[PDB]
Amino acid sequence: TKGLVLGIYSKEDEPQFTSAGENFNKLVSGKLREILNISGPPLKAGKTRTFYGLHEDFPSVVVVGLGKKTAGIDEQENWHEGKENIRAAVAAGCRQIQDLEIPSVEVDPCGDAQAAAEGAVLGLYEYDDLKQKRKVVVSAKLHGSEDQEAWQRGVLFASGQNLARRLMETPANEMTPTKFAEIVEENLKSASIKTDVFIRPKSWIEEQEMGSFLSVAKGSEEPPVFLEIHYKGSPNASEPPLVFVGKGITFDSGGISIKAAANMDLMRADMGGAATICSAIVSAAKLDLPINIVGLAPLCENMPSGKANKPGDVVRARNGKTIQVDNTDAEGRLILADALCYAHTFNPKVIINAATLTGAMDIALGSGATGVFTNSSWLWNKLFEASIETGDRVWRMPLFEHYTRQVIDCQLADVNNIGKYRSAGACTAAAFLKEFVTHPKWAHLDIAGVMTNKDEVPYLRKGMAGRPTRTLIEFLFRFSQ
Amino acid sequence: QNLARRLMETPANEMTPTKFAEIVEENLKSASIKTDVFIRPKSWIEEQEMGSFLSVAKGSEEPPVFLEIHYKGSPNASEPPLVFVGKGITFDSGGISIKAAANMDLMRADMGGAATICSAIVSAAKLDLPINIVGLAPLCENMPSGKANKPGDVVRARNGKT
Amino acid sequence: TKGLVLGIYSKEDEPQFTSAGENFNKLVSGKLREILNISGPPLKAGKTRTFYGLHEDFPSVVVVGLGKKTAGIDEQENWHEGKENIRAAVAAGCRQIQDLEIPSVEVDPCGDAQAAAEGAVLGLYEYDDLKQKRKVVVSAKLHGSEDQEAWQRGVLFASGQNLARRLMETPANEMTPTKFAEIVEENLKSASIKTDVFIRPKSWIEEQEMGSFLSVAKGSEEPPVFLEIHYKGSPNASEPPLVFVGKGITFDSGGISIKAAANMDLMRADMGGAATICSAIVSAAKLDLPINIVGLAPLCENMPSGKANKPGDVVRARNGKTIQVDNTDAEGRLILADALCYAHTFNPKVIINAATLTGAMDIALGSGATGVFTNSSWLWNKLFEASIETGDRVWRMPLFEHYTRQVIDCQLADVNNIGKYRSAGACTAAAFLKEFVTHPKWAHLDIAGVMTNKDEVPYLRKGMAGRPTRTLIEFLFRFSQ
Ligand SMILES: [Zn+2]
Ligand SMILES: [Zn+2]
Ligand SMILES: [Zn+2]
Ligand SMILES: [Zn+2]
């Protein structure tokens, strides 16, 4: 009927199976173990082998490599390695059932039903929607009935990611400042009726003295929308919130300080900051987490025109500070100078903000870890531990005065959107945003190196990554618990 | 000088083709009541067959203003003048033949020509110098857009030359 | 006769003095306190004011701002801030005595006689030697007689730095692979007779199957020298050592994969890795630290010629691994593939290596902190704590498999001197070097962002920085103790 992803570890006396496959072997009377011997060398990590006709109702059975049974937290990779073995491994497996065009598949729990589900679901995702030429659409259910809410936690966590991924990936002519707001509101509302959405327009933004956000919007003839998300998780609604903030440029052409044509099509995912955090709130509502969260996202586009933002311009942020706009591509910093100010209105506990802010971050760590600068070691630890579980690493970076200094000197104004020099790129951009924040537990996450995947993360196919949505969701689960 | 300097230095979103004209007129008028100002608009410019000036203005959605300054310094007003002229791009991005981002913020001072000479007339009025001077300055911006000036284009200057 | 740098803090009832200046006030009978009132607003951090004729033997008296008395370790700047106040502050002071052309100056201990001496000495340094037009040469002694071995520890620590600085700064036609070896040997030998030097030549290198180091040397007609330093610090000479390794390109032109002319004159300090660590061993010998240290440094130049290293070339490192040399500017990685292998010969405890390795590090942190990747959290902590004392910060970076992977795939060979992509620049370069190391406590310090100073570090004038020589020296003091 349908396919099966089964698993095996690496040697003891005979390389063992995850019990479900030990059990499926008994079932086809040793003929799985036996054909695996006949096939060739053993299956190391995330390597795959397909065995036809072993079972009457499982014509294709893919056995995938899970590595060492007792693989655990790694001091060097700063993750739980087991989970990582299982994700790459059942992603691998699920992508094999899928090339065989088997529309459904049952997955071996592999000792961690959540890693299995985060592998099967992140593993299989594409964004097929505008290609009339699509791969088969395969339904992936758990094999078994024992470990069900952890597999659904995998499906949940990986699905919150695939949403950031679709929200990122879609061409920015479809994915506008209005359409993103609309899908996020429909997604947050299906998640919890204990929610409110506000797709606030230019009049409200104008009214909110958001000059910096608004200066950025004006080049395009596409409407700005400041989005406001509310999740009423706590028992007493009056609990102070945890506010997520995120930059939402639907398309970044650089503006007058215009980008080069080389691969500029990826700028459609410069709204990755707004996508990431939104998908993460949708998931804590889906999880129905005992915390009140607020989601904030400036949405607009960065375009050249007869009325675009010019180099040398002093605009005013909500908080009275003026910014010299010396480079029109440094606009996420400006979009975020106002949504960050508005975050203090809400009286929060933690203000996590996220943004595909600078390529220098990409030069720095470049898809290994997502750089997070925070004036809070508590907050750092909190993020870093979630990174170990989820596997979507996060690395700390310096919010030293050293850097505020280069952005704080300014010919016309109070702050300047770029620093005096080329060096320390992600650090000057983060020390510019510190100027718009006075809350003690603040964290900037620069998502610009983890924007994309190719081969680096296994269980993620080539394209927009939606990183770090699960670390973020894992942080709010641990914080709620 | 410090007036040309402030008139140069101010970010070109504040220092427009209209705001420069306005500060220069207030400065020239405080200097001497023996003055006249004309912050002539696009209709006058159109009328003055200023196709070349006007082609430049069209990329931006910011208004052109041709500024005209008069200082009546001489005893006999009929003395022929000394005319100062000066380029007043409030911001230069290069247009379609667009500049590189490296330090382009300084293009706010591409109206330095109009600033320099204006500040100089304001001072000869402040000095109340026995000469009639006339100040002339095209003000506009150079921007890329759906209706910006394209490469290869023949426009016509007031004098018939293309 | 001579000048005086005195100090004052920020308000209580009347902004207090460092006791020496309270004492110098009593001495000119309140007329220092009194003229400070008459002068204007109070002196905040590292700001300066000169008072002539207060004393008969102190014609110019500079009072410098020390900030808050109780300024201490900062959780955000990750340093001892007091020390930092005092360095910038008596550097400031000493540079004022010096423009007045007063050839000598007495310095206020300022509560930490070492920070005062590290400020006066780093503060005043230039490299005047090839200018017939030089500033005055001012002798800076302590004011007082109470706290003498800590001031001499400042003078020692700052002088080990100014040596890395002179060793960096000198034009690479003077500072050759032979001349560096010669000054280091004269400096290490004046420091301790319990030392040995080996300025090993091309024949020895050839003999040591150092194909990678040697491939790099061949473009130039300037001799390679592999330098070997020995400090016999321990009681039992048989104690295993702590081996420092460091890249010593006297000049880097990129080779065939040739650099652009823009500011290429700074490549004379691509031997900053060899300078840094050498200056640090010279200082632990000067300190006579109860540890055996070994200093290792490939010295050579990177030049284009009829026999330079070409793009696409497989050369062999001492350890059997082959490297595809796809970019001739990635040569520090190659120079270090062999000196790192040779480090395991010595049976070490810690292998600290240091190198002006990549500009991407400069894009990353860029003179804030010196990036240190280490497979040793112990080693990381050890370095990071020294950074807090000295003020010369050090930031951890990721030695994740993620990065080994991009350098480990290779068309012709085993490893490749550059990675498949532009991203994660310092991380691929550090994960390439991990391939030449099998010791548990290894640490790569990429010095390329801290190569230079301008205004960022106060007590250091514009030019080669000699960073992090004091963090390094402080680590060996703490390790010996
Ligand atoms: Zn941009
Ligand atoms: Zn952007
Ligand atoms: Zn190089
Ligand atoms: Zn080099």
# chains A, B, ... in the order shown; residues from 1 in each chain; ligands from 1
>>> residues_around(residues="range 149-152 of chain A", least_positions_apart="3", cutoff="8 Å", atoms="only C-alpha atoms", output="JSON, numbers by chain")
{"A": [109, 112, 113, 114, 115, 116, 117, 142, 155, 156]}
>>> write_last_selection(atoms="N, CA and C atoms", output="PDB file, in the first residue's frame")
ATOM      1  N   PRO A 109       9.577   5.611  15.040  1.00  0.00           N
ATOM      2  CA  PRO A 109       9.811   6.643  16.060  1.00  0.00           C
ATOM      3  C   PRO A 109      11.286   6.980  16.307  1.00  0.00           C
ATOM      4  N   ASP A 112      13.100   8.831  19.485  1.00  0.00           N
ATOM      5  CA  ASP A 112      12.715  10.178  19.855  1.00  0.00           C
ATOM      6  C   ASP A 112      11.596  10.539  18.900  1.00  0.00           C
ATOM      7  N   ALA A 113      10.304  10.264  19.160  1.00  0.00           N
ATOM      8  CA  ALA A 113       9.237  10.504  18.179  1.00  0.00           C
ATOM      9  C   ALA A 113       9.169  11.927  17.589  1.00  0.00           C
ATOM     10  N   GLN A 114       9.629  12.941  18.375  1.00  0.00           N
ATOM     11  CA  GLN A 114       9.749  14.333  17.911  1.00  0.00           C
ATOM     12  C   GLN A 114      10.844  14.525  16.835  1.00  0.00           C
ATOM     13  N   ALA A 115      12.100  14.101  17.034  1.00  0.00           N
ATOM     14  CA  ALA A 115      13.118  14.159  15.988  1.00  0.00           C
ATOM     15  C   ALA A 115      12.743  13.423  14.693  1.00  0.00           C
ATOM     16  N   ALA A 116      11.995  12.333  14.846  1.00  0.00           N
ATOM     17  CA  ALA A 116      11.535  11.586  13.699  1.00  0.00           C
ATOM     18  C   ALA A 116      10.588  12.510  12.955  1.00  0.00           C
ATOM     19  N   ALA A 117       9.571  13.097  13.609  1.00  0.00           N
ATOM     20  CA  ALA A 117       8.595  13.995  12.990  1.00  0.00           C
ATOM     21  C   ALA A 117       9.143  15.296  12.484  1.00  0.00           C
ATOM     22  N   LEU A 142       3.141   8.573  11.965  1.00  0.00           N
ATOM     23  CA  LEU A 142       3.954   7.727  12.847  1.00  0.00           C
ATOM     24  C   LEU A 142       3.683   6.240  12.554  1.00  0.00           C
ATOM     25  N   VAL A 155       5.834  17.387  14.494  1.00  0.00           N
ATOM     26  CA  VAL A 155       4.991  17.887  13.445  1.00  0.00           C
ATOM     27  C   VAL A 155       4.656  19.351  13.679  1.00  0.00           C
ATOM     28  N   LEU A 156       4.465  19.773  14.927  1.00  0.00           N
ATOM     29  CA  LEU A 156       4.106  21.136  15.297  1.00  0.00           C
ATOM     30  C   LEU A 156       5.309  22.045  15.073  1.00  0.00           C
TER      31      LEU A 156
END
>>> interface_residues(of="chain B", to="chain A", cutoff="6 Å", atoms="only C-alpha atoms", output="JSON, numbers by chain")
{"B": [11, 59, 60, 61, 101, 104, 105, 143, 144, 145]}
>>> select_by_dssp(residues="range 447-479 of chain A", states="alpha helix (DSSP H)", output="list in words")
residues 469, 470, 471, 472, 473, 474, 475, 476, 477, 478 and 479 of chain A
>>> write_last_selection(atoms="N, CA and C atoms", output="compact mmCIF listing (two decimals), in the first residue's frame")
# COMPACT_ATOMS: atom_id res chain seq x y z
N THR A 469 13.22 29.29 13.80
CA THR A 469 11.88 29.20 14.38
C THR A 469 11.71 28.17 15.51
N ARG A 470 12.17 26.93 15.38
CA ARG A 470 12.10 25.95 16.45
C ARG A 470 12.93 26.30 17.70
N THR A 471 14.09 27.00 17.66
CA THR A 471 14.86 27.29 18.89
C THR A 471 14.03 28.23 19.74
N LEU A 472 13.52 29.22 19.00
CA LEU A 472 12.61 30.27 19.45
C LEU A 472 11.36 29.68 20.13
N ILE A 473 10.58 28.80 19.45
CA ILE A 473 9.45 28.02 20.01
C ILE A 473 9.91 27.22 21.23
N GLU A 474 11.07 26.55 21.20
CA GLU A 474 11.55 25.77 22.32
C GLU A 474 11.85 26.62 23.52
N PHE A 475 12.28 27.86 23.28
CA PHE A 475 12.54 28.81 24.34
C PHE A 475 11.24 29.21 25.04
N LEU A 476 10.17 29.44 24.28
CA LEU A 476 8.90 29.80 24.88
C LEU A 476 8.20 28.64 25.56
N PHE A 477 8.47 27.41 25.18
CA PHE A 477 7.96 26.26 25.91
C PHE A 477 8.68 26.17 27.26
N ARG A 478 10.00 26.35 27.29
CA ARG A 478 10.75 26.21 28.50
C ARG A 478 10.50 27.36 29.45
N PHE A 479 10.26 28.51 28.86
CA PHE A 479 9.96 29.70 29.63
C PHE A 479 8.57 29.55 30.21
>>> residues_near_ligand(ligand="ligand 3", cutoff="8 Å", atoms="only C-alpha atoms and all ligand atoms", output="PyMOL selection string")
chain C and resi 252-255+270+302+328-332+357-358
>>> select_by_dssp(residues="range 5-122 of chain B", states="strand (DSSP E)", output="ChimeraX atom specification")
/B:35-41,65-71,82-85,88-92
>>> write_last_selection(atoms="N, CA, C and O atoms", output="CSV table (one decimal), in the first residue's frame")
chain,number,residue,atom,x,y,z
B,35,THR,N,15.7,94.6,-2.6
B,35,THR,CA,15.7,93.3,-3.2
B,35,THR,C,14.2,92.8,-3.5
B,35,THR,O,13.2,93.2,-2.9
B,36,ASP,N,14.3,91.9,-4.5
B,36,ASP,CA,13.2,91.2,-5.0
B,36,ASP,C,13.4,89.7,-5.1
B,36,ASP,O,14.5,89.4,-5.5
B,37,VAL,N,12.5,88.8,-4.7
B,37,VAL,CA,12.8,87.4,-5.0
B,37,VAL,C,11.6,86.8,-5.8
B,37,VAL,O,10.4,87.1,-5.8
B,38,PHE,N,12.1,85.8,-6.6
B,38,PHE,CA,11.2,85.1,-7.5
B,38,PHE,C,11.6,83.6,-7.4
B,38,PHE,O,12.5,83.1,-7.9
B,39,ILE,N,10.7,82.8,-6.7
B,39,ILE,CA,10.8,81.4,-6.6
B,39,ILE,C,9.8,80.9,-7.6
B,39,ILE,O,8.7,80.6,-7.3
B,40,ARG,N,10.3,81.0,-8.9
B,40,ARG,CA,9.6,80.7,-10.1
B,40,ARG,C,9.3,79.2,-10.1
B,40,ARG,O,10.2,78.4,-9.8
B,41,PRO,N,8.1,78.7,-10.5
B,41,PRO,CA,7.8,77.3,-10.5
B,41,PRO,C,7.9,76.5,-11.8
B,41,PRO,O,8.3,77.1,-12.8
B,65,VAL,N,12.0,74.5,-9.0
B,65,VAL,CA,11.9,75.9,-8.7
B,65,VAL,C,13.2,76.5,-9.4
B,65,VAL,O,14.3,76.0,-9.1
B,66,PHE,N,13.0,77.4,-10.3
B,66,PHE,CA,14.1,78.2,-10.8
B,66,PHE,C,14.1,79.5,-9.9
B,66,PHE,O,13.1,80.2,-9.9
B,67,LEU,N,15.1,79.8,-9.2
B,67,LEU,CA,15.2,80.9,-8.3
B,67,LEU,C,15.8,82.1,-8.9
B,67,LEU,O,16.8,82.0,-9.6
B,68,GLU,N,15.2,83.3,-8.7
B,68,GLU,CA,15.7,84.6,-9.2
B,68,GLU,C,15.8,85.7,-8.1
B,68,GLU,O,14.8,86.1,-7.5
B,69,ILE,N,17.0,86.1,-7.9
B,69,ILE,CA,17.4,87.0,-6.8
B,69,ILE,C,17.7,88.4,-7.4
B,69,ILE,O,18.4,88.4,-8.4
B,70,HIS,N,17.2,89.5,-6.8
B,70,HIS,CA,17.7,90.9,-7.3
B,70,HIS,C,18.2,91.8,-6.2
B,70,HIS,O,17.5,92.1,-5.2
B,71,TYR,N,19.4,92.3,-6.4
B,71,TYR,CA,19.9,93.3,-5.5
B,71,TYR,C,20.1,94.6,-6.2
B,71,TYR,O,20.9,94.6,-7.2
B,82,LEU,N,25.5,92.2,-12.6
B,82,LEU,CA,26.5,91.2,-12.6
B,82,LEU,C,25.7,90.0,-12.2
B,82,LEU,O,25.1,90.0,-11.1
B,83,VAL,N,25.5,89.1,-13.1
B,83,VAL,CA,24.7,87.9,-12.9
B,83,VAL,C,25.5,86.7,-12.4
B,83,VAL,O,26.5,86.3,-13.1
B,84,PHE,N,25.2,86.2,-11.2
B,84,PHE,CA,25.6,84.9,-10.7
B,84,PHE,C,24.5,83.9,-11.0
B,84,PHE,O,23.3,84.2,-11.0
B,85,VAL,N,25.0,82.7,-11.4
B,85,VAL,CA,24.2,81.5,-11.8
B,85,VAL,C,24.8,80.3,-11.0
B,85,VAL,O,26.0,80.4,-10.6
B,88,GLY,N,21.8,73.8,-8.6
B,88,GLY,CA,21.2,73.5,-7.3
B,88,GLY,C,20.5,72.1,-7.3
B,88,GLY,O,19.2,72.0,-7.2
B,89,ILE,N,21.2,71.0,-7.5
B,89,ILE,CA,20.6,69.7,-7.3
B,89,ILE,C,20.6,69.5,-5.8
B,89,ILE,O,21.6,69.4,-5.2
B,90,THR,N,19.4,69.4,-5.1
B,90,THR,CA,19.4,69.2,-3.7
B,90,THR,C,19.9,67.9,-3.2
B,90,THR,O,20.5,67.8,-2.1
B,91,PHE,N,19.7,66.9,-4.1
B,91,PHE,CA,20.3,65.6,-4.0
B,91,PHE,C,20.6,65.1,-5.3
B,91,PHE,O,19.6,65.1,-6.1
B,92,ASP,N,21.8,64.6,-5.6
B,92,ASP,CA,22.3,63.9,-6.8
B,92,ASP,C,22.5,62.4,-6.6
B,92,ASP,O,23.5,61.9,-6.0
>>> residues_around(residues="range 447-449 of chain C", least_positions_apart="2", cutoff="8 Å", atoms="only C-alpha atoms", output="PDB file with N, CA, C and O atoms, in the first residue's frame")
ATOM      1  N   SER A 423      34.617  46.957   9.006  1.00  0.00           N
ATOM      2  CA  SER A 423      34.811  45.929  10.014  1.00  0.00           C
ATOM      3  C   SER A 423      33.672  45.765  10.978  1.00  0.00           C
ATOM      4  O   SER A 423      32.846  46.672  11.109  1.00  0.00           O
TER       5      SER A 423
ATOM      6  N   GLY C 272      52.171  39.042  12.044  1.00  0.00           N
ATOM      7  CA  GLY C 272      51.662  39.441  13.335  1.00  0.00           C
ATOM      8  C   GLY C 272      51.444  38.239  14.195  1.00  0.00           C
ATOM      9  O   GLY C 272      51.619  38.333  15.390  1.00  0.00           O
ATOM     10  N   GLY C 273      51.109  37.092  13.598  1.00  0.00           N
ATOM     11  CA  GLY C 273      50.934  35.856  14.355  1.00  0.00           C
ATOM     12  C   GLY C 273      52.231  35.401  15.003  1.00  0.00           C
ATOM     13  O   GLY C 273      52.287  35.134  16.205  1.00  0.00           O
ATOM     14  N   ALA C 354      48.521  31.409  16.676  1.00  0.00           N
ATOM     15  CA  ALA C 354      47.913  32.722  16.410  1.00  0.00           C
ATOM     16  C   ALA C 354      48.226  33.302  15.052  1.00  0.00           C
ATOM     17  O   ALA C 354      49.358  33.320  14.603  1.00  0.00           O
ATOM     18  N   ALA C 355      47.264  33.892  14.380  1.00  0.00           N
ATOM     19  CA  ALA C 355      47.526  34.303  13.041  1.00  0.00           C
ATOM     20  C   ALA C 355      46.592  35.351  12.551  1.00  0.00           C
ATOM     21  O   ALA C 355      45.396  35.269  12.768  1.00  0.00           O
ATOM     22  N   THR C 356      47.173  36.296  11.811  1.00  0.00           N
ATOM     23  CA  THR C 356      46.420  37.305  11.054  1.00  0.00           C
ATOM     24  C   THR C 356      45.876  36.526   9.858  1.00  0.00           C
ATOM     25  O   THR C 356      46.303  36.729   8.724  1.00  0.00           O
ATOM     26  N   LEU C 357      44.968  35.580  10.118  1.00  0.00           N
ATOM     27  CA  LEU C 357      44.570  34.635   9.103  1.00  0.00           C
ATOM     28  C   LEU C 357      43.590  35.050   8.020  1.00  0.00           C
ATOM     29  O   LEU C 357      43.861  34.743   6.862  1.00  0.00           O
ATOM     30  N   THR C 358      42.467  35.730   8.314  1.00  0.00           N
ATOM     31  CA  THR C 358      41.407  36.049   7.351  1.00  0.00           C
ATOM     32  C   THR C 358      40.841  37.434   7.623  1.00  0.00           C
ATOM     33  O   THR C 358      40.614  37.839   8.761  1.00  0.00           O
ATOM     34  N   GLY C 359      40.494  38.124   6.558  1.00  0.00           N
ATOM     35  CA  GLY C 359      39.763  39.360   6.697  1.00  0.00           C
ATOM     36  C   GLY C 359      38.322  39.137   7.184  1.00  0.00           C
ATOM     37  O   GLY C 359      37.737  40.041   7.794  1.00  0.00           O
ATOM     38  N   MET C 361      37.256  37.619   9.606  1.00  0.00           N
ATOM     39  CA  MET C 361      37.287  37.765  11.043  1.00  0.00           C
ATOM     40  C   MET C 361      37.128  39.236  11.333  1.00  0.00           C
ATOM     41  O   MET C 361      36.403  39.619  12.252  1.00  0.00           O
ATOM     42  N   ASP C 362      37.801  40.043  10.500  1.00  0.00           N
ATOM     43  CA  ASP C 362      37.707  41.473  10.572  1.00  0.00           C
ATOM     44  C   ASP C 362      36.291  41.940  10.234  1.00  0.00           C
ATOM     45  O   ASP C 362      35.787  42.943  10.756  1.00  0.00           O
ATOM     46  N   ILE C 363      35.596  41.254   9.336  1.00  0.00           N
ATOM     47  CA  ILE C 363      34.221  41.613   9.021  1.00  0.00           C
ATOM     48  C   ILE C 363      33.323  41.231  10.186  1.00  0.00           C
ATOM     49  O   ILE C 363      32.408  41.961  10.567  1.00  0.00           O
ATOM     50  N   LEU C 365      34.052  40.464  13.980  1.00  0.00           N
ATOM     51  CA  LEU C 365      34.192  41.184  15.235  1.00  0.00           C
ATOM     52  C   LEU C 365      34.929  42.493  15.062  1.00  0.00           C
ATOM     53  O   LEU C 365      34.651  43.447  15.770  1.00  0.00           O
ATOM     54  N   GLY C 366      35.916  42.541  14.158  1.00  0.00           N
ATOM     55  CA  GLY C 366      36.657  43.737  13.738  1.00  0.00           C
ATOM     56  C   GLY C 366      37.225  44.676  14.783  1.00  0.00           C
ATOM     57  O   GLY C 366      36.706  45.800  14.950  1.00  0.00           O
ATOM     58  N   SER C 367      38.296  44.220  15.444  1.00  0.00           N
ATOM     59  CA  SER C 367      39.034  44.951  16.485  1.00  0.00           C
ATOM     60  C   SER C 367      38.339  45.043  17.829  1.00  0.00           C
ATOM     61  O   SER C 367      38.796  45.808  18.676  1.00  0.00           O
ATOM     62  N   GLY C 368      37.202  44.381  18.066  1.00  0.00           N
ATOM     63  CA  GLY C 368      36.571  44.444  19.369  1.00  0.00           C
ATOM     64  C   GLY C 368      37.312  43.444  20.210  1.00  0.00           C
ATOM     65  O   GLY C 368      38.006  43.775  21.184  1.00  0.00           O
ATOM     66  N   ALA C 369      37.179  42.223  19.718  1.00  0.00           N
ATOM     67  CA  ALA C 369      37.766  41.057  20.291  1.00  0.00           C
ATOM     68  C   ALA C 369      38.463  40.299  19.164  1.00  0.00           C
ATOM     69  O   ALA C 369      38.129  40.443  17.975  1.00  0.00           O
ATOM     70  N   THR C 370      39.475  39.525  19.608  1.00  0.00           N
ATOM     71  CA  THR C 370      40.250  38.624  18.776  1.00  0.00           C
ATOM     72  C   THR C 370      39.537  37.282  18.934  1.00  0.00           C
ATOM     73  O   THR C 370      39.249  36.782  20.018  1.00  0.00           O
ATOM     74  N   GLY C 371      39.131  36.774  17.763  1.00  0.00           N
ATOM     75  CA  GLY C 371      38.383  35.535  17.620  1.00  0.00           C
ATOM     76  C   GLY C 371      39.287  34.378  17.950  1.00  0.00           C
ATOM     77  O   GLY C 371      40.404  34.324  17.473  1.00  0.00           O
ATOM     78  N   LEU C 445      43.822  31.442  17.364  1.00  0.00           N
ATOM     79  CA  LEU C 445      43.448  32.807  17.618  1.00  0.00           C
ATOM     80  C   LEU C 445      43.686  33.499  16.296  1.00  0.00           C
ATOM     81  O   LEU C 445      44.806  33.532  15.819  1.00  0.00           O
ATOM     82  N   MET C 451      44.611  43.632  14.223  1.00  0.00           N
ATOM     83  CA  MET C 451      45.915  43.857  13.655  1.00  0.00           C
ATOM     84  C   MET C 451      46.385  45.289  13.792  1.00  0.00           C
ATOM     85  O   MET C 451      47.564  45.538  14.045  1.00  0.00           O
ATOM     86  N   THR C 452      45.401  46.192  13.664  1.00  0.00           N
ATOM     87  CA  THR C 452      45.603  47.637  13.591  1.00  0.00           C
ATOM     88  C   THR C 452      44.867  48.442  14.680  1.00  0.00           C
ATOM     89  O   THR C 452      43.870  47.972  15.250  1.00  0.00           O
ATOM     90  N   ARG C 467      48.165  43.116  19.252  1.00  0.00           N
ATOM     91  CA  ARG C 467      47.131  42.458  20.033  1.00  0.00           C
ATOM     92  C   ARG C 467      47.042  40.968  19.695  1.00  0.00           C
ATOM     93  O   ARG C 467      47.259  40.636  18.518  1.00  0.00           O
ATOM     94  N   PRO C 468      46.754  39.995  20.604  1.00  0.00           N
ATOM     95  CA  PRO C 468      46.553  40.142  22.057  1.00  0.00           C
ATOM     96  C   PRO C 468      47.744  39.838  22.987  1.00  0.00           C
ATOM     97  O   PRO C 468      47.486  39.224  24.033  1.00  0.00           O
TER      98      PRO C 468
END
>>> residues_around(residues="range 174-186 of chain C", least_positions_apart="6", cutoff="9 Å", atoms="only C-alpha atoms", output="number ranges by chain")
C: 167-168, 196-199, 222-229, 248-251, 268, 275, 278-279, 282, 298-301
>>> interface_residues(of="chain C", to="chain A", cutoff="10 Å", atoms="only C-alpha atoms", output="number ranges by chain")
C: 75-78, 359-369, 374-377, 395-403, 405-406, 421-428, 449, 456-457
>>> residues_around(residues="residue 28 in chain C", least_positions_apart="6", cutoff="12 Å", atoms="only C-alpha atoms", output="mmCIF file with C-alpha atoms, in the first residue's frame")
data_model
loop_
_atom_site.group_PDB
_atom_site.id
_atom_site.type_symbol
_atom_site.label_atom_id
_atom_site.label_comp_id
_atom_site.auth_asym_id
_atom_site.auth_seq_id
_atom_site.Cartn_x
_atom_site.Cartn_y
_atom_site.Cartn_z
ATOM 1 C CA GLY C 21 47.464 64.206 43.885
ATOM 2 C CA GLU C 22 45.674 64.838 47.183
ATOM 3 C CA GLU C 34 41.946 75.639 43.591
ATOM 4 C CA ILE C 35 43.147 76.099 39.969
ATOM 5 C CA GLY C 53 53.917 76.265 37.348
ATOM 6 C CA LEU C 54 52.108 74.624 40.291
ATOM 7 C CA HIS C 55 55.381 73.178 41.403
ATOM 8 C CA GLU C 56 58.916 74.190 41.393
ATOM 9 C CA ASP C 57 60.058 70.886 39.993
ATOM 10 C CA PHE C 58 56.839 69.981 38.203
ATOM 11 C CA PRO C 59 56.279 72.900 35.739
ATOM 12 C CA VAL C 61 51.153 68.922 35.749
#
